[PDB]
């Protein structure tokens, strides 16, 4: 009577209440990933944590604008311009630019991914932060498409451990969205994963994304309990906290009864 009974079979997603100074945005770490390696990123262990065993290239913090949309250059008669993938044709040209003289299959350097100078043709990145629901209820995260391989995980001990955002990745493969590139071809669009969330709790959020060749795409959305959709720009929803491994009360295993 007096209190709610709590989610059945302790099924609530673990959340956190970090006591430190909140910073807007997610942290992005970048790791080496080999041009044309179409197999490493097809393994769950790699996408959950193995990526951090490869050389770390760099990081940028405070990112609220998180969708990925990387276009290779077309070296054309009029200069070098990024080619939207749907405008690529033949062997090859880019609509409105004529024939492109450069290879689709080499590494290209760009600051497209969050202003960090790297090779978006071949890289793995890890986005970490906390999602703050403004409303209690069911949230549906989605990737509109995945080019090449990606996962999204939400929850304490699933994305990472509360108040330990900056630690080496945890080994959980219980993904909220599994957008891992299948060994055999495959992979529909609008892959989705739902999480029930309680307003005002901070939910660890990890996205791991990888590309082996040319174009890279990962359009990230969330549908709120109120049926509206937030896409690309998660300002106001995603935050970072410096690690505090000594904050004893930081983990809230069951927000339904806290």
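Numbering follows the first chain given and starts at 1. Rigid core here is just the name for the largest C-alpha set that superposes within 1.5 Å across the two forms.
Taking the rigid core as the alignment reference, the C-alpha atoms of 186-194 lie farther on average from the displayed form in 8 other deposited structures of this protein than those of the other stretch among 204-212 and 186-194.
Stretches compared: 205-213, 40-48. Higher mean C-alpha B-factor in the entry: 40-48.
Of the two segments examined, 146-154 and 168-176, it is 168-176 that shows the higher average Cα temperature factor in the deposited entry. Of the candidates 192, 32, 67, 27, the one whose C-alpha carries the top B factor in the deposited record is 192. Which of 103, 128, 77, 91 has the largest Cα B-factor in the deposited entry comes down to 77. Ranked against the other modelled residues of its chain, the C-alpha B-factor of residue 137 as given in the entry falls in the middle third. Placement of the Cα temperature factor of residue 19 within the chain: highest third of the modelled residues, per the deposited record. Ranked by Cα temperature factor within the chain, residue 182 sits in the highest third according to the deposited record. Annotation for residue 218: CA B-factor lies in the lowest third of the chain's modelled residues.
Placement of the Cα temperature factor of residue 188 within the chain: highest third of the modelled residues, per the deposited record.
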